[PDB]
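Visitor: Input file: input36.txt. Contents: compact mmCIF, C-alpha atoms.
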```
# COMPACT_ATOMS: atom_id res chain seq x y z
CA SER A 42 -27.36 32.03 -9.58
CA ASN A 43 -24.31 33.21 -7.67
CA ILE A 44 -24.10 30.08 -5.52
CA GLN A 45 -24.08 27.94 -8.67
CA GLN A 46 -21.38 30.04 -10.33
CA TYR A 47 -19.26 29.94 -7.17
CA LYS A 48 -19.59 26.15 -7.05
CA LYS A 49 -18.84 25.73 -10.76
CA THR A 50 -15.67 27.82 -10.41
CA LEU A 51 -14.42 25.87 -7.41
CA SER A 52 -15.16 22.58 -9.17
CA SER A 53 -13.32 23.74 -12.29
CA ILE A 54 -10.09 24.75 -10.56
CA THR A 55 -9.95 21.52 -8.49
CA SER A 56 -10.93 19.12 -11.28
CA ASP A 57 -7.33 18.33 -12.15
CA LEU A 58 -6.52 17.13 -8.61
CA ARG A 59 -9.30 14.56 -8.94
CA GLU A 60 -8.33 13.56 -12.49
CA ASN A 61 -4.75 13.02 -11.32
CA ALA A 62 -5.81 10.88 -8.36
CA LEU A 63 -7.97 8.71 -10.60
CA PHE A 64 -5.22 8.20 -13.17
CA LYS A 65 -2.71 7.25 -10.49
CA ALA A 66 -5.24 4.92 -8.84
CA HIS A 67 -5.88 3.20 -12.17
CA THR A 68 -2.15 2.74 -12.71
CA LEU A 69 -1.78 1.09 -9.32
CA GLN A 70 -4.82 -1.15 -9.98
CA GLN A 71 -3.13 -2.37 -13.17
CA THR A 72 0.32 -2.90 -11.60
CA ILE A 73 -0.01 -4.01 -7.95
CA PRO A 74 -2.62 -6.85 -7.63
CA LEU A 75 -0.86 -9.38 -9.89
CA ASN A 76 -1.49 -12.29 -7.48
CA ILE A 77 -2.88 -14.60 -10.15
CA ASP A 78 0.13 -14.20 -12.44
CA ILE A 79 2.61 -14.65 -9.57
CA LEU A 80 0.89 -17.83 -8.34
CA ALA A 81 0.71 -19.19 -11.88
CA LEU A 82 4.43 -18.50 -12.42
CA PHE A 83 5.40 -20.04 -9.10
CA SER A 84 3.24 -23.12 -9.73
CA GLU A 85 4.70 -23.63 -13.20
CA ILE A 86 8.15 -23.80 -11.58
CA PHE A 87 7.36 -25.63 -8.32
CA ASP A 88 4.53 -28.18 -8.17
CA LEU A 89 1.83 -27.32 -5.61
CA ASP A 90 -0.53 -30.19 -6.46
CA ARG A 91 0.74 -32.23 -3.49
CA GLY A 92 0.58 -29.24 -1.12
CA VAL A 93 3.21 -27.14 0.62
CA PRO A 94 6.11 -28.72 2.57
CA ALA A 95 5.16 -29.81 6.08
CA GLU A 96 8.57 -28.69 7.39
CA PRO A 97 10.90 -25.87 6.32
CA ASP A 98 12.58 -26.93 3.08
CA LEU A 99 16.06 -25.46 2.66
CA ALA A 100 16.60 -27.03 -0.77
CA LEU A 101 13.41 -25.50 -2.13
CA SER A 102 14.28 -22.14 -0.57
CA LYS A 103 17.67 -22.16 -2.33
CA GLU A 104 15.94 -22.76 -5.66
CA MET A 105 13.50 -19.93 -4.95
CA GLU A 106 16.41 -17.64 -4.07
CA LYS A 107 18.27 -18.32 -7.34
CA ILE A 108 15.19 -17.46 -9.41
CA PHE A 109 13.56 -14.63 -7.46
CA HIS A 110 16.23 -12.88 -5.35
CA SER A 111 16.68 -10.24 -8.05
CA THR A 112 13.00 -9.45 -8.64
CA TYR A 113 11.29 -9.79 -5.24
CA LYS A 114 12.34 -8.70 -1.80
CA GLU A 115 10.71 -11.94 -0.66
CA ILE A 116 8.65 -14.77 -2.02
CA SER A 117 7.57 -17.28 0.65
CA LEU A 118 5.43 -20.38 0.98
CA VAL A 119 3.69 -20.08 4.33
CA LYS A 120 2.13 -23.25 5.70
CA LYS A 121 -1.14 -23.05 7.57
CA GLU A 122 -0.51 -25.49 10.41
CA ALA A 123 -3.30 -27.63 11.85
CA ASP A 124 -3.58 -25.36 14.92
CA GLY A 125 -4.19 -22.39 12.54
CA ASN A 126 -0.72 -20.88 13.02
CA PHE A 127 1.29 -19.81 9.97
CA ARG A 128 4.93 -20.79 9.45
CA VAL A 129 7.39 -20.08 6.63
CA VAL A 130 8.34 -23.41 5.07
CA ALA A 131 10.12 -22.07 1.97
CA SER A 132 11.45 -18.62 1.08
CA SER A 133 13.70 -16.82 -1.38
CA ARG A 134 14.88 -15.08 1.84
CA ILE A 135 16.74 -17.91 3.53
CA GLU A 136 16.82 -15.95 6.78
CA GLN A 137 12.99 -16.03 6.91
CA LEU A 138 12.84 -19.82 6.75
CA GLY A 139 10.90 -21.39 9.63
CA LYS A 140 9.61 -18.12 11.10
CA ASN A 141 6.16 -17.88 12.62
CA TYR A 142 4.17 -15.57 10.34
CA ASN A 143 0.92 -15.12 12.27
CA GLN A 144 1.43 -11.36 12.46
CA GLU A 145 2.45 -11.13 8.80
CA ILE A 146 -0.55 -12.97 7.31
CA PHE A 147 -3.75 -10.90 7.01
CA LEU A 148 -5.62 -12.99 4.39
CA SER A 149 -8.77 -14.79 5.53
CA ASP A 150 -9.79 -18.24 4.32
CA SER A 151 -12.82 -16.84 2.45
CA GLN A 152 -10.89 -14.60 0.06
CA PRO A 153 -8.76 -15.73 -2.87
CA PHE A 154 -6.00 -13.17 -2.34
CA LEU A 155 -5.17 -9.68 -1.21
CA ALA A 156 -2.78 -6.98 -2.35
CA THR A 157 -1.84 -3.95 -0.27
CA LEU A 158 0.96 -1.51 0.51
CA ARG A 159 3.00 -1.47 3.72
CA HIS A 160 6.05 0.47 4.83
CA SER A 161 9.05 -1.78 5.36
CA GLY A 162 10.04 0.03 8.55
CA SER A 163 13.36 1.28 7.20
CA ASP A 164 14.66 3.88 4.82
CA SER A 165 11.74 5.13 2.75
CA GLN A 166 10.86 1.70 1.34
CA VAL A 167 7.21 0.90 0.63
CA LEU A 168 6.38 -2.68 -0.31
CA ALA A 169 3.59 -4.30 -2.24
CA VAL A 170 2.44 -7.09 0.07
CA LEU A 171 0.63 -9.81 -1.89
CA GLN A 172 -0.94 -12.80 -0.16
CA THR A 173 -2.60 -15.61 -2.10
CA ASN A 174 -4.37 -18.64 -0.65
CA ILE A 175 -3.10 -22.09 -1.64
CA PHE A 176 -6.31 -24.11 -1.82
CA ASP A 177 -6.29 -27.90 -1.69
CA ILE A 178 -7.06 -29.17 -5.19
CA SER A 179 -9.51 -31.75 -3.82
CA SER A 180 -11.01 -30.18 -0.68
CA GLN A 181 -10.40 -26.45 -1.38
CA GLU A 182 -9.18 -26.05 2.21
CA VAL A 183 -6.49 -23.42 2.78
CA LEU A 184 -3.16 -25.24 2.93
CA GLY A 185 -1.01 -22.14 3.10
CA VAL A 186 -0.34 -18.73 1.63
CA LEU A 187 1.99 -17.55 -1.15
CA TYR A 188 3.47 -14.37 0.36
CA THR A 189 5.40 -11.85 -1.75
CA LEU A 190 7.07 -8.50 -1.04
CA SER A 191 7.99 -6.21 -3.95
CA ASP A 192 9.69 -2.80 -3.73
CA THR A 193 7.23 -0.28 -5.19
CA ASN A 194 9.83 2.39 -6.00
CA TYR A 195 9.57 1.52 -9.72
CA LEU A 196 5.91 2.64 -9.50
CA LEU A 197 5.83 5.30 -6.83
CA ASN A 198 8.93 7.25 -7.91
CA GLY A 199 7.20 8.09 -11.18
CA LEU A 200 3.68 8.50 -9.77
CA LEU A 201 4.90 10.82 -7.01
CA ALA A 202 7.16 12.88 -9.28
CA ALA A 203 6.04 16.50 -9.76
CA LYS A 204 8.56 18.26 -12.01
CA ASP A 205 6.41 20.05 -14.60
CA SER A 208 2.27 19.33 -11.60
CA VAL A 209 0.20 17.92 -8.73
CA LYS A 210 1.84 16.12 -5.85
CA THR A 211 0.81 12.76 -4.41
CA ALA A 212 0.71 10.90 -1.09
CA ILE A 213 -0.08 7.22 -0.57
CA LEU A 214 -2.28 6.79 2.52
CA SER A 215 -2.82 3.77 4.71
CA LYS A 216 -6.40 2.87 5.64
CA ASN A 217 -6.20 4.47 9.12
CA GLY A 218 -4.66 7.69 7.83
CA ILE A 219 -0.84 7.40 7.94
CA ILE A 220 1.04 8.63 4.87
CA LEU A 221 3.26 5.82 3.60
CA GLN A 222 5.13 7.95 1.04
CA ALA A 223 4.66 11.35 -0.56
CA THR A 224 6.22 13.67 -3.11
CA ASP A 225 7.28 15.71 -0.09
CA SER A 226 9.27 13.22 2.01
CA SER A 227 8.62 15.35 5.11
CA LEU A 228 5.11 13.88 5.06
CA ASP A 229 6.29 10.27 5.20
CA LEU A 230 4.72 8.37 8.13
CA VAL A 231 2.68 11.37 9.30
CA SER A 232 -1.00 11.27 10.22
CA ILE A 233 -3.57 13.12 8.12
CA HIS A 234 -5.93 13.52 11.10
CA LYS A 235 -5.97 16.04 13.96
CA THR A 236 -4.18 13.52 16.19
CA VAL A 237 -1.68 10.71 15.80
CA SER A 238 -2.05 7.53 17.87
CA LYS A 239 -0.46 4.10 18.08
CA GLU A 240 -3.58 2.32 16.80
CA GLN A 241 -3.20 4.08 13.44
CA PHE A 242 0.01 2.21 12.80
CA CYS A 243 -1.34 -1.34 13.11
CA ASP A 244 -1.88 -1.52 9.31
CA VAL A 245 1.20 0.49 8.23
CA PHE A 246 4.09 -1.97 8.61
CA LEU A 247 4.59 -5.68 7.84
CA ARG A 248 3.52 -6.73 11.35
CA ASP A 249 0.57 -5.51 13.40
CA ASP A 250 2.82 -4.90 16.45
CA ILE A 251 5.23 -2.26 15.07
CA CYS A 252 4.78 1.33 16.27
CA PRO A 253 8.09 3.13 17.05
CA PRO A 254 7.50 5.88 19.62
CA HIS A 255 9.24 8.65 17.71
CA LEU A 256 6.49 8.47 15.10
CA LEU A 257 3.89 9.46 17.71
CA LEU A 258 5.58 12.85 18.06
CA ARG A 259 5.32 13.95 14.43
CA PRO A 260 2.77 16.82 14.10
CA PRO A 261 -0.26 15.49 12.19
CA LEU A 262 -1.49 17.34 9.12
CA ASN A 263 -5.09 17.83 10.35
CA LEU A 264 -6.65 17.65 6.89
CA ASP A 265 -9.79 19.79 6.90
CA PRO A 266 -12.66 18.94 4.51
CA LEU A 267 -13.47 21.69 2.06
CA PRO A 268 -17.09 22.85 1.84
CA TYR A 269 -18.18 21.78 -1.60
CA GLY A 270 -17.79 18.65 -3.63
CA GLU A 271 -16.75 15.41 -1.99
CA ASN A 272 -13.32 14.38 -0.71
CA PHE A 273 -11.50 17.69 -1.10
CA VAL A 274 -9.36 18.89 1.80
CA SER A 275 -7.11 21.72 2.93
CA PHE A 276 -3.96 21.54 5.03
CA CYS A 277 -0.63 23.28 5.53
CA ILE A 278 2.95 22.18 4.88
CA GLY A 279 5.31 24.43 6.77
CA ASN A 280 3.93 27.86 5.98
CA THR A 281 2.30 26.85 2.66
CA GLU A 282 -1.46 26.27 2.27
CA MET A 283 -2.34 23.18 0.18
CA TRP A 284 -5.58 21.88 -1.28
CA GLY A 285 -6.01 18.18 -1.99
CA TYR A 286 -8.29 15.31 -3.02
CA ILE A 287 -8.51 11.87 -1.37
CA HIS A 288 -9.42 8.88 -3.51
CA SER A 289 -10.05 5.49 -1.92
CA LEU A 290 -8.94 2.13 -3.38
CA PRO A 291 -11.02 -0.13 -1.13
CA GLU A 292 -10.08 -3.34 -2.99
CA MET A 293 -6.44 -2.76 -1.91
CA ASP A 294 -6.88 -1.05 1.48
CA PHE A 295 -5.08 2.21 0.72
CA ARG A 296 -5.95 5.69 -0.51
CA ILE A 297 -4.36 8.31 -2.74
CA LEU A 298 -4.10 11.98 -1.77
CA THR A 299 -3.27 14.39 -4.58
CA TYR A 300 -2.41 17.91 -3.49
CA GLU A 301 -1.13 21.25 -4.75
CA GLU A 302 -0.39 24.70 -3.41
CA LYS A 303 -3.63 26.64 -3.02
CA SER A 304 -2.02 29.61 -4.78
CA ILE A 305 -1.30 27.45 -7.85
CA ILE A 306 -4.83 26.03 -7.83
CA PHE A 307 -6.28 29.53 -7.68
CA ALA A 308 -3.99 30.82 -10.45
CA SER A 309 -6.26 28.86 -12.83
CA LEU A 310 -8.83 31.60 -12.29
CA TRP A 311 -6.83 33.84 -14.66
CA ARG A 312 -3.97 31.81 -16.22
```
Can you dump the structure from the file as C-alpha cells?
Guide:
Amino acid sequence: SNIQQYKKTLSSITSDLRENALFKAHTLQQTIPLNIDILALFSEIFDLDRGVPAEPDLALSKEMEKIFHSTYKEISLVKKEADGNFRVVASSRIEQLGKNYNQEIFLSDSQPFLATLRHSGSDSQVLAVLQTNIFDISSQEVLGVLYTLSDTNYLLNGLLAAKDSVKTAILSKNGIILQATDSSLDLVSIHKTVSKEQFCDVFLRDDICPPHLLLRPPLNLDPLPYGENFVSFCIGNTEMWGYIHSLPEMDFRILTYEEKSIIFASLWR
C-alpha cells in the first residue's frame, strides 16, 4: 500500500538518527555510573568501617586533595546529621569543607546510588554528579553520602563531535539542553516555553535559575507524525529533524539531530 511505503521510506531515512542516539546512550551507560568502583577505591584508601567523621576533618581533606585533585573536580564525604541535614565533613575541595549540602544531595535512603549530569553554572562545563550512600555496616542506616563531580568533556567532546555526521544534544529531565554540538543550543528549552521550574534539575543546586536564561527563545520541538520520539525544529533558518532517547536510570535524555535536507538526501544518494 502507499501508506506503508511512505512509512517505510520515512523510517529508513531516519533510522540512523536513532542508531546514533542508542550508541551514544550505551557509551554513557558504560562510562558515567561508576559509583561502585569509586566507592571501592575510596574505601580501599580511607577506612569507612567506623563511619564518616562527625566534624569536618581538614587532615583527611588534605589527603583527599593530594590524591584526587587531578582527576575529580570534587570528591566529598557528606555526613547525614541526626536532624537529617547534610554537611561536608571531608573534601578534595578544601573550600567546600563544612558546607551544608542539603540542596546538593538528591539521593534518597532507599537507593544505593545515583548518577546524573548537571551544568556547573559556568563556562560550558557539564559535570557527572555521582552520589553513593554510605550504609552502616551493622545497621545499614545511611551515615552519609560519597559525592563526586567529574568534568564530562572527555566524553561529551567526542560524542557531540560531528565532523564527517549526526549532531547531539544532552537534555535534562525537564527539557533544558545541557550541551550540544551547536553551542547556541546550550541551556535552551526544547519546549514551546521556558520557565524557571525547568531549571531546578539543571545545576548543582535546586535554587539556581539565572534570569537571563528565561529570555532564550525555546526550540519548540514538534513531534513528527510517524514512529515514536522523532521531532522537528529550526536552528536559525535551518530545519532539523531529530530523535529523543531517554536514559531513565540516569535522569537525562539524548537528542540526536540533523538537517532535514541531509536526512532527505538519503532518498537518492
Visitor: Which polymer residues have any atom within 10 Å of an atom of residue 263 (chain A), counting only C-alpha atoms, with same-chain residues fewer than 3 positions away left out, as a PyMOL selection string?
Guide: chain A and resi 232-237+260+266+274-277
Visitor: Looking at A:285, A:261, A:253, A:185, which one is nearest to residue 94 (chain A), with distances taken over all atoms listed in the file?
Guide: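 Answer, going by the shortest atom-to-atom distance: A:185.
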Visitor: Can you tell me how far CA of residue 107 (chain A) sits from CA of residue 134 (chain A), in Å to one decimal?
Guide: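 According to the coordinates, CA of residue 107 (chain A) and CA of residue 134 (chain A) are separated by 10.3 Å.
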Visitor: Got a sec: who's within 9 Å of region 159-171 of chain A, counting all atoms listed in the file, leaving out chain neighbours fewer than 4 positions off, as a ChimeraX atom specification?
Guide: /A:73-76,114,154-155,187-194,197,215,221-222,226,229-230,244-247,251
Visitor: Using all atoms listed in the file for the distances, tell me which of A:141, A:181, A:133, A:149 is nearest to residue 120 (chain A).
Guide: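 Among the listed residues, the smallest separation from residue 120 (chain A) belongs to A:141.
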Visitor: Show me, as a count of residues only, the residues that have an atom within 12 Å of region 53-67 of chain A when counting all atoms listed in the file, minus same-chain residues fewer than 6 positions from it.
Guide: 56
Visitor: Determine, counting all atoms listed in the file, which protein, DNA and RNA residues have an atom within 9 Å of an atom of residue 127 (chain A); residues of the same chain fewer than 6 positions away are not included. Present the result as a list in words.
Guide: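 Using all atoms listed in the file, the neighbours found are residues 119, 120, 121, 140, 141, 142, 143, 144, 145, 146, 185 and 186 of chain A.
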Visitor: Using CA of residue 282 (chain A) and CA of residue 158 (chain A) as the two end points, give the distance in Å to one decimal.
Guide: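 Calculated distance between CA of residue 282 (chain A) and CA of residue 158 (chain A) is 27.9 Å.
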Visitor: Env of residue 90 (chain A): 10 Å cut, atoms = all atoms listed in the file, seq-sep filter 6 positions within chain, self excluded. Answer as a compact mmCIF listing (two decimals) with C-alpha atoms, in the coordinates of the input.
Guide:
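Heads up, here's the output in out_9.txt:
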```
# COMPACT_ATOMS: atom_id res chain seq x y z
CA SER A 84 3.24 -23.12 -9.73
CA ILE A 175 -3.10 -22.09 -1.64
CA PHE A 176 -6.31 -24.11 -1.82
CA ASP A 177 -6.29 -27.90 -1.69
CA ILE A 178 -7.06 -29.17 -5.19
CA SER A 179 -9.51 -31.75 -3.82
```
Visitor: Which distance in Å separates CA of residue 139 (chain A) and CA of residue 97 (chain A), to one decimal?
Guide: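 The value is 5.6 Å.
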Visitor: Of the candidates A:51, A:228, A:95, A:183, which shows the shortest atom-to-atom distance to residue 148 (chain A), using only C-alpha atoms?
Guide: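 Checking each of A:51, A:228, A:95, A:183 against residue 148 (chain A), counting only C-alpha atoms, the winner is A:183.
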Visitor: Taking only C-alpha atoms into account, which of A:128, A:249, A:79, A:86 comes nearest residue 113 (chain A)?
Guide: A:79
Visitor: Around all the atoms of region 43-51 of chain A listed in the file, with 5 Å of room on each side, what axis-aligned box do you get, giving centre and edge lengths in Å to one decimal, as lines of an AutoDock Vina configuration file?
Guide:
```
center_x = -19.4
center_y = 29.5
center_z = -8.1
size_x = 19.9
size_y = 17.5
size_z = 15.2
```
Visitor: Which residue is closest to residue 174 (chain A)? Choose from A:44, A:156, A:220, A:258 and count all atoms listed in the file.
Guide: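 Counting all atoms listed in the file, the residue closest to residue 174 (chain A) is A:156.
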